[PDB]
Each structure stands twice: as structure tokens, then as C-alpha cells.
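Comments concern the structure below.
Number of protein chains: 2
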Amino acid sequence: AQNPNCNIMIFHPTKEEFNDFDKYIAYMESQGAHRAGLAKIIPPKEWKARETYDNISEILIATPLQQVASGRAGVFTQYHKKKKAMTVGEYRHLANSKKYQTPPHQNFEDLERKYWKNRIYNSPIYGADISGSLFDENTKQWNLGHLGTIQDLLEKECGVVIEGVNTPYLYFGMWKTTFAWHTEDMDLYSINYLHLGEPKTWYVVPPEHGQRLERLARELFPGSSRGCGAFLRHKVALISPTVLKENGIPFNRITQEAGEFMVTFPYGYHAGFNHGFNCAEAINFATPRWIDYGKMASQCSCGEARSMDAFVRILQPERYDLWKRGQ
Amino acid sequence: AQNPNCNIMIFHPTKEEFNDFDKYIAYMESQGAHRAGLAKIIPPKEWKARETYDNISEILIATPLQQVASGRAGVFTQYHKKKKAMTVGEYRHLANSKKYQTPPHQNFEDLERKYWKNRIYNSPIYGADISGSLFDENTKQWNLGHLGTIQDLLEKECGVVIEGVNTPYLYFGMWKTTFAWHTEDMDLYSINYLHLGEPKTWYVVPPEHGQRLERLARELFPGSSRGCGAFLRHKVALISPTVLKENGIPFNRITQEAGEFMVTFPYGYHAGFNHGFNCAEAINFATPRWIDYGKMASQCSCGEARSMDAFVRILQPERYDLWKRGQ
Ligand SMILES: Nc1cnccc1C(=O)O
Ligand SMILES: Nc1cnccc1C(=O)O
Ligand SMILES: [Co+2]
Ligand SMILES: [Co+2]
Ligand SMILES: [Zn+2]
Ligand SMILES: [Zn+2]
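Sequence order for the protein chains is A and A'. A prime marks a further copy of an entry chain. Mapped onto PDB author numbering, the consecutive letters of the first sequence carry residue numbers 11 to 316, 320 to 340. Mapped onto PDB author numbering, the consecutive letters of the second sequence carry residue numbers 11 to 316, 320 to 340.
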């Protein structure tokens, strides 16, 4: 077995190796990368997503989300308060203001300490889930808007044509903006490129130990757990590395910097935070190995959790009716 | 001036000519094709959208629309009554049933006569605007899911990056299903491929005479006109070729058959109907020549009309606030 400790692996493809996305994902998994739940891919030195980021200030963040925390420093939930629209230019200026800017710190470890100590006492604003892409149409390699669709993958594997289209999303972040513990919809893969700005710190639980995190979550969020058998689908729960360690949950951490890709693998629980003003782009994808995870993915049917129809309809026909009632 | 009578032109590209989409659209316009408002493109004999259509019955039509008419035979409006979900297999069976099937007829002209005589007395069900594609991912030429985006076109022409993603839609039709008189959102181009089944008959007004149609529409639909300065954006008004002829409106007609593409050009008003069970796929696109049409496109701000944000925001900043109130 490759990567038996489930370490987060870092890959440095050559430009030749960067030319076939599916092939390289499969190569990564041949080295056991998937066992960590997360991998970093450093693009070839001659690769670029686009020429410059000088012309992005007029992008509109239609519904910025103020992330309001409740609980304790290491165990909290966050809810999203909708704010008025602003441009990326206005958002960037807000992120760099005295109220929201990254504080003085010695290094990543000091910043991480400050995040978990102080996160709940501030309510940063996140420009998340904006449909769009910052890849140049002429970028041929690892262009997240030119990947094959999950609908075509399901068709290729299962022989069924389905409706739906999957496209990338942009995430404009600032210091303390947070992504809660979750796996992807239908336990899909995700790929995330950090286009510009300050880093993004990730935490991840190996897929083989995901149920351990779920068990801890039910204990730490009893109200949420009673409300929904798959409440982590609501994407609101945060648990710090110290609390995970206290409870024996196996996990790893890594910091993503501008110009780097992160891939999350099926049923790899992850969470994290942004260091300062940045912009990432992400999309879900599938491989043949995903199908069996799709079939077993837990579903939120309480109505709180936000193409999905067809995947549940085909892979989980028994769940489909009740899941559809929740929607 | 090419094509001064504004005739609908039909093109037969070679496989070599079929290899550069933008180039061929530009070639078509060099021959005056755009003046008609609509063109037909017959693909090369060796081209195909996909291998077979044997595996499409499990596609879900989440919200089939029953098209209910009001008015007179040649001048009517239609509203869409939402029906319960059905699969394409179930829809196809309904379309072929005695209640909904194409009636006996001698030819296209007889069927057209029957449509305009009898359309208002039936309420056919249309599986319209389903996000998805039936093109094989391996189809390299004129794959409507692999076109360059309107957002990238605007960026390339105007130097502004914007949010948004544009993807194709599927249309499952039956006899008498109808598309009302309209131009595309922001007076964009559209491209439509008829994947399978019975034909689709199109009517079109040359872009240079669009305001003549608008004037007639205001006279024929006085209530709708008073309610909204751009009510044709609601996509509910039908006017027959006989009534257009009586009122001196220049127009043309053509019937699209399975395996053929239709392109609508900026500000080319069009309408039509399906002959029987079929499936079409369509998407909007842009070229450099569209920009000036985008800037002048009329907007519905009464709230009735259904990526758009950014195009109005950048090309029509003066209209943006009031348009946003309507939404
Ligand atoms: N929202 C997310 C979800 N999964 C991974 C990363 C993020 C992010 O916000 O960067
Ligand atoms: N809905 C439409 C809009 N424009 C052109 C064609 C159609 C169609 O229904 O085929
Ligand atoms: Co994620
Ligand atoms: Co149209
Ligand atoms: Zn739930
Ligand atoms: Zn209106």
C-alpha cells in the first residue's frame, strides 16, 4: 500500500506531465496521494493561468457573506449574513482596511495560532461561490473551465446520459474567512487554484477515517446532529487542530500559496482559512474511482443544505424521493 | 452590400472549413448572412454530434411547461403552466400519444397551415431550457458545450474581466410547442442544433427592420405594451406570417431538420414551432460585432423577464440601477 500514513503529498509535474489531467490524477493516486484526502500540485515553471491580474477589479461580488461565529474558540459554528453587493476592487480595499487586514505575525504558525485563538471574535466578509473563471481561454493545461464534466464522466461509466452542467466558482477571501468542515457534494473530487494574494491554510482528514470526524462532530454539535443525520453538509461546523488532537482524530495540515493547485479526493473532509486578501477558483470533478463514493455519499434531506438531482437519481435511487422532499 | 434582400442563407462547410467556428461565422457574415437575422449551417457529411441517441430516456425534464394560448389564431399570447417532472422517455411517449401527436398532413406547408389555424385550441407541453448538452465530449467541431464564453469575448474586446459562465440548454419539443417572438438576451447571437426528431420551423425578421416588428407588436398587444417598454423580452407574443404580411413586416421562414444548425444574429427577431417530438440544443455566443448591439439592447425592467448582470453593468451602466430594481 502506498502512503500508508496518509501524508499530504506534493507533486511537481513537468510541462509534459501537465498535458493530460486525467492521466496525472491517476498517477497521483498510484502513489497513494488520495489516502491523505488532499494533495498539492505545483505547476511547471513555464505554466501560467493568465497573463496578469490587473483587470479584475470590476468583477461583482453580488452577495458578500459576513461569517458570524457562535460557540467557543476551538469549537464553533458560523452563519452567513448577506451583505450588499460590492466589486472586487471595493472588496480588496475592505480586506486591506485596519478592521479586516492580516495582523502582524512572525510566520504561518503564529498566524495559525492567532486564527484559532481569535477567529470567533471577528466577523470577516467572504466573496464565496461566484460563478466564473479567471483562467485565460488560451491556457490549455489545467484550465478549470475546460475540464470534462461530471455528467460526461457518469455517462462514460454508467452508460446513462443526464442533464446538468458543472462550471467553476471564484472565492474572494480576506483574513479569517473560513471554510467549514465538509466533503464535496456527492463526495466528489474538487480542484482549487489560488490565483493571487495571500495563502490559504487547509486541514484534512483521510477518507478512511472520515467517520471518526463525523462521530466527533455529533458529540461536539449535539443540536445540529439531532436536526440532521448529515449536518456537516450544511458547511457550518469548525473544530480546531487542538480539539481534533485531543480527540485522537487523524488529520493533516498544509498551506496553499498563490500559483498552486490543491486537489481534494472523494470523502476527504476538509476545512481551513485565508491569511489575507486572495482569490481562488474551484470546481468539482470525477474519475471512474469516484462512482462508488457517489453511491455511498450521505445526503442532507432536512432542507438546509444548498446538477445534484441527476447524481442522486441515478446513483442513489432509493434515497431520491426523500432527498427531493427536503429540496 | 451582400444579401441586400436579407434572404436566409444556407451554408455547406467542408470539414476543413468546419474546424474554426469564429472564422466561419465571420465568413458567413462576409456573404451578408447576418442581414437575414438567421442562417442554416449543414454540417460536413463526416461530422456527427454523438454516436447514437439510444441512451437519453433517463434525462429529467424537471419542469415541463404546458403552453396555454389566449387571443386569436394569428395573434395570441402564451403562458407557461408548470407541470410535474417527467423523464425524456415519458415525455417522448406523451408527445407520440393520440392527444399530442403530429396530425396527418401532406407536407410542411400543410402542417404550417394547420399550426396557425389550430395552435390556440391546444396546450402542448414543452421541455424547454434544460441546462445540459448532448454533444459527445470527443466531438471537436461545433460542440456547443466547448464554445468560447461571452464573458471571455467581452473581456477580449473591452479589457474587463467579469463574473459569469454561459452553458448550453436542451429543448425537448412536441407538435405545436412554440417559441414566441424575441431577440436573444442583450441581443446576443444564438446557435441551435437539432439533435434528433421532427423538424422545427423558424420565422425571422431582418435586424435592420426589427423596430417595424416592435411597432406592430405594440399595436397588436396594447395591454402588454403599456405594462412594459420591452415586453417582447417576456417571450409570450405570437404573430402569424399572414398577419405579418397584412401589416407589411419583412420576414422570412425556413424549416430546420435533424442534424442541422441554425444561427440567429444580433437583434434578429425570431419565432417558430416544432413539428413533433424532437430535441434541440442551444447556446448564446458573441463576436466583436455583437458589442455595439449589446450596448443598444432594450431591457425589461418590469420584473417579468427571466450572467446578464455584468453585461448590463459594463455595456449599459446608465440602465443598470433601474434594471436591477426590476430584478
Ligand atoms: N469553500 C471552500 C470549500 N472547499 C475548499 C476550499 C474552500 C475555500 O473557501 O477556499
Ligand atoms: N426557445 C427558443 C428560442 N429561440 C430559438 C428557438 C427556440 C426553441 O424553442 O427551439
Ligand atoms: Co471543498
Ligand atoms: Co432565440
Ligand atoms: Zn441537513
Ligand atoms: Zn417587462
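For every residue, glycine included, the Cβ atom is placed at its ideal position computed from N, Cα and C.
Cutoff 8 Å: residue i Cβ touching any chain A' Cβ
| i | result |
| --- | --- |
| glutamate 173/A | yes |
| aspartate 139/A | no |
| residue 319/A | The model of chain A omits the segment between 316 and 320, and residue 319/A is among the residues lacking coordinates. |
| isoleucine 249/A | no |
| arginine 326/A | yes |
| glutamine 340/A | no |
| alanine 72/A | yes |
| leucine 104/A | no |
| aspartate 322/A | yes |
| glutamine 329/A | no |
| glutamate 147/A | yes |
| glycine 313/A | no |
CB contact check: residue i to chain A, cutoff 8 Å
| i | result |
| --- | --- |
| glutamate 270/A' | no |
| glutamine 151/A' | no |
| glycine 169/A' | yes |
| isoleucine 69/A' | yes |
| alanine 296/A' | no |
| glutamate 26/A' | no |
| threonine 177/A' | yes |
| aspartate 195/A' | no |
| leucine 144/A' | yes |
| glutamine 309/A' | no |
| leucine 180/A' | yes |
| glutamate 267/A' | no |
| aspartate 32/A' | no |
| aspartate 334/A' | no |
| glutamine 12/A' | no |
Buried/exposed call for residue i, threshold 16 Cβ in 10 Å
| i | result |
| --- | --- |
| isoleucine 20/A | exposed |
| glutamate 26/A | exposed |
| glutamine 12/A | exposed |
| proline 23/A | buried |
| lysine 186/A' | buried |
| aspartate 197/A | buried |
| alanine 247/A | buried |
| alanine 46/A' | buried |
| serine 40/A' | exposed |
| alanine 227/A | buried |
Run of the beta strand (DSSP E) containing residue i, from where it starts to where it stops
| i | result |
| --- | --- |
| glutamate 224/A' | Run containing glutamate 224/A': none in the beta strand (DSSP E); it sits in the alpha helix (DSSP H), 220-230. |
| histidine 156/A | Careful: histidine 156/A lies outside any beta strand (DSSP E) and carries neither H nor E. |
| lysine 92/A | 85-92 |
| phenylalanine 182/A' | 179-183 |
| residue 319/A' | Residues lacking coordinates in chain A' include everything strictly between 316 and 320, among them residue 319/A'. |
| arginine 45/A | From DSSP, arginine 45/A is part of no beta strand (DSSP E); its letter is neither H nor E. |
| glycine 282/A | 280-284 |
| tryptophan 212/A' | 210-214 |
| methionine 19/A' | 19-21 |
| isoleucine 69/A' | From DSSP, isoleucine 69/A' is part of no beta strand (DSSP E); its letter is neither H nor E. |
| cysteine 289/A' | 288-295 |
| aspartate 197/A' | Element bounds for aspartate 197/A': n/a, residue is neither H nor E. |
| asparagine 176/A | That residue, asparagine 176/A, is in no beta strand (DSSP E); it is neither H nor E in DSSP. |
| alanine 79/A | 75-82 |
| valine 171/A | Counting along the chain, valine 171/A falls outside any beta strand (DSSP E), and DSSP gives it neither H nor E. |
Limits of the alpha helix (DSSP H) - the one that residue i falls within
| i | result |
| --- | --- |
| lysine 55/A | Unbroken run through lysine 55/A: none, as it is neither H nor E. |
| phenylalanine 324/A' | 321-328 |
| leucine 248/A' | Not the alpha helix (DSSP H): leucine 248/A' falls in the beta strand (DSSP E), residues 247-249. |
| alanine 105/A' | 98-105 |
| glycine 313/A | Looking at the DSSP string, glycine 313/A is not in any alpha helix (DSSP H), and its letter there is neither H nor E. |
| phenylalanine 31/A' | 31-40 |
| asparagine 128/A | 118-128 |
| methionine 306/A | 301-306 |
Three or more C-beta pairs below 8 Å linking the segment 97-115 of chain A' and the segment 279-291 of chain A': Enough Cβ pairs lie closer than 8 Å, so yes.
Given 8 Å, three or more beta-carbon pairs between the segment 200-212 of chain A and the segment 326-335 of chain A: The segment 200-212 of chain A, when compared against the segment 326-335 of chain A, does not touch it at the 8 Å Cβ threshold.
Chain-ordered residues of the segment 196-212 of chain A with a beta carbon less than 8 Å from chain A': For the segment 196-212 of chain A, which is checked against every Cβ of chain A', not one residue is closer than 8 Å.
Touching by the beta-carbon criterion (3+ pairs, under 8 Å), the segment 174-186 of chain A and the segment 103-119 of chain A: In short, these stretches touch, since the Cβ pair count reaches three.
Cβ contact (3+ pairs, closer than 8 Å) linking the segment 292-300 of chain A and the segment 77-90 of chain A: No, they do not touch.
Inter-stretch contact at 8 Å, needing at least 3 Cβ pairs: the segment 298-316 of chain A / the segment 118-135 of chain A: Segment contact: the segment 298-316 of chain A against the segment 118-135 of chain A, fewer than three CB-CB distances shorter than 8 Å; contact not assigned.
Three or more C-beta pairs below 8 Å linking the segment 142-150 of chain A' and the segment 170-177 of chain A: Cβ pair count under 8 Å is three or more, so yes.
Segment contact, 8 Å Cβ cut-off, at least three pairs: the segment 159-170 of chain A' with the segment 264-282 of chain A': No, they do not touch.
Where the segment 106-120 of chain A' meets chain A: residues whose CB sits under 7 Å from a CB there: Within the segment 106-120 of chain A', no residue places its CB atom closer than 7 Å to a CB of chain A.
Inter-stretch contact at 8 Å, needing at least 3 Cβ pairs: the segment 250-270 of chain A' / the segment 190-206 of chain A': With a cut-off of 8 Å on Cβ pairs, the segment 250-270 of chain A' is in contact with the segment 190-206 of chain A', counting three or more such pairs.
Contact residues within the segment 275-303 of chain A', judged by C-beta distance below 9 Å to chain A: Under the 9 Å Cβ criterion, the segment 275-303 of chain A' contributes no residue.
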